Amino acid sequence: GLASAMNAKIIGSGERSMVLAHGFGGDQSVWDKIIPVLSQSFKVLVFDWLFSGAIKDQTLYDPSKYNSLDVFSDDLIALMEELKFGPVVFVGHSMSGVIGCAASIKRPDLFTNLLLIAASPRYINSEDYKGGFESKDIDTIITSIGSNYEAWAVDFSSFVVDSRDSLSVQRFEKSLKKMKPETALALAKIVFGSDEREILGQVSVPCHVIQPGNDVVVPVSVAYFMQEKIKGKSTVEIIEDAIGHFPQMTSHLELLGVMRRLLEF
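Let me sum up the structure you'll find in this document. (Residues numbered from 1 in each chain as written, not as in the entry; some residues may be left out. Heavy atoms only, no water.)

With respect to the environment of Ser41
Along the polypeptide, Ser41 turns up in helix α2 (residues 35-41). By relative accessible area, which is 26% here, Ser41 ends up partly exposed. With residues up to four places along the chain from it excluded, the contact list for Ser41 reads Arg16 and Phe265. (Helix = DSSP H or I, 4+ residues; strand = E, 2+ residues; numbered from the N terminus. Buried < 20%, exposed > 50% of the residue type's maximum accessible area, 1.4 Å probe, protein only. Contact = heavy atoms within 4.5 Å.)

Printed below as a string of structure tokens:
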């Protein structure tokens, strides 16, 4: 029953298969600008993660089940199996990047390539690793989500979406505001406090780390960290004029250029 709950759709035709997986607080409409071109060359699976505001039944998401990022890769594989879909080029935005990595370790046979878009294995800074945020900042984000959610959604969307693209800032604000605030909080704990650094060494499927030139959520060094740690073939592609965390919304032709180069279409 995962396909109906997750609003799963396969868009396009032909012998190439792709999955587009949205990130924190989003839904599948984040892909709207690039899905027309991609569907000319790929069968594209899009869906909403069960935390999304787009899920019709907002009571489905249980933080007791969703207590680590690991659980989402199980959902992904189950959905692909239910759809008899694969193997795929998996395109994962943000949290979905490491989710796709984990999925590829669980089922290497389902994943031909991984494209990670502004992905990070860890946001929290330590002595040996720079993720972009101090632990105290992550805690404050979460208490902000849990104190005045709507205000937080306005501030957060303005923080992480290219301020040159007001329409995209508003689209993401809208998506965030559709979330159940308790679900957003539960999710933020496991995403913003994640540590998936150790799984990278197990990734054997070819990987492409696509990184905005200036993203407050992911410092450039994280992209190069992932490339270094990933076992299989791996490249880093910087989109130099990309700002913020949503290049598929705010630098979409640049992103399609990179994808065309990487995937030869």
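Observations concerning the pairing of strand β6 (residues 207-214)
Within β6, seven of the eight residues are buried, leaving the element largely enclosed by the surrounding structure. Direction of pairing for strand β5 (residues 111-117) relative to β6: parallel, over a ladder of four bridges. Looking across to β6, one finds that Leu114 is bridged to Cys207. Bridge count between β6 and strand β7 (residues 234-243): seven bridges; the pairing is parallel. If you follow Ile210 over to β7, its bridge partner there is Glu237. Between β6 and its parallel partner β7, the chain crosses via helix α9 (residues 220-229), and the hand of that crossover is right-handed. (Pairing = 2+ DSSP bridges. Right-handed = clockwise from strand over helix to strand, strands pointing away.)

So, helix α8 (residues 181-192)
With 12 residues, α8 extends 16 Å between its outermost C-alpha atoms, agreeing within 8% with the 16 Å of an ideal straight helix rising 1.5 Å per residue. Those residues of α8 that sit buried are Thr183, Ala184, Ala186, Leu187, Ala188, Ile190, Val191 and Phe192. Of the surrounding elements, those touching the buried residues of α8 are α3 (70-82), α4 (95-106), α5 (135-145) and α6 (149-160). (Expected span 1.5 Å × (residues − 1).)

Details of the packing of α3 against α4
Two elements in contact, α3 and α4, have axes whose closest approach is 8 Å; the angle formed by their N-to-C orientations is 65°. The angle between α3 and α4 places the two elements in the roughly perpendicular class. The two elements α3 and α4 meet at a crossing, and its hand is right-handed. In this structure, α3 uses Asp70, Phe72, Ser73, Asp74, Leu76 and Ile77 to contact α4, whose residues at the interface are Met95, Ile99, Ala102, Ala103 and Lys106. For the contact of α3 with α4, the class distribution of residues is seven nonpolar, one polar and three charged. (Axes fitted to C-alpha atoms, helices over the stretch in contact; angles between N-to-C directions. Parallel < 35°, antiparallel > 145°, perpendicular 65-115°, else oblique. Left-handed = near helix turned anticlockwise from the far one by under 90°. Nonpolar A, V, L, I, M, F, W, Y, C, P; charged D, E, K, R; others polar.)

Some words on the side chain of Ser73
Locating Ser73 in the fold gives a position in helix α3. By relative accessible area, which is 0% here, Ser73 ends up buried. Among the polar contacts made by the side chain of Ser73, one reaches the main-chain carbonyl oxygen of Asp70 at a distance of 2.8 Å. The residues touching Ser73, leaving out its near neighbours within four places in the chain, are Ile99, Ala102, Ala103 and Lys106. (Polar contact = N/O pair within 3.5 Å; in protein donor to acceptor, adjacent residues only side chain to side chain.)

Points about the pairing of strand β4 (residues 88-93)
Here β4 lies mainly inside the structure; six of its six residues are buried. Burial along β4 is two-sided: the residues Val88, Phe90 and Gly92 and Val89, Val91 and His93 are all buried. The pairing of β4 with β5 spans six bridges and is parallel. Considered in β5, the bridge of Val91 is made with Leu115. Crossover connection from β4 via α4 to parallel β5: handedness right-handed.

A look at the sheet that holds strand β1 (residues 9-12)
Adjacent strands of a sheet form backbone hydrogen bonds with each other and so pair up, either parallel or antiparallel. Strand order in the open sheet formed by seven strands is β1-β3-β2-β4-β5-β6-β7, and the pairing between neighbours is mixed. Of all the strands in the sheet, the pair left with one neighbour each is β1 and β7. Going across the sheet, the axis of each strand differs from the next one's by a mean of 20°, ignoring polarity. Strand direction decides the pairing type here: strand β2 (residues 17-21) and β4, joined by four bridges, are parallel. The partner of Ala21 across the bridge, within β4, is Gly92. Of the strands in this sheet, β2, β4, β5, β6 and β7 touch helix α11 (residues 252-263), which is tilted by about 160° from β7.

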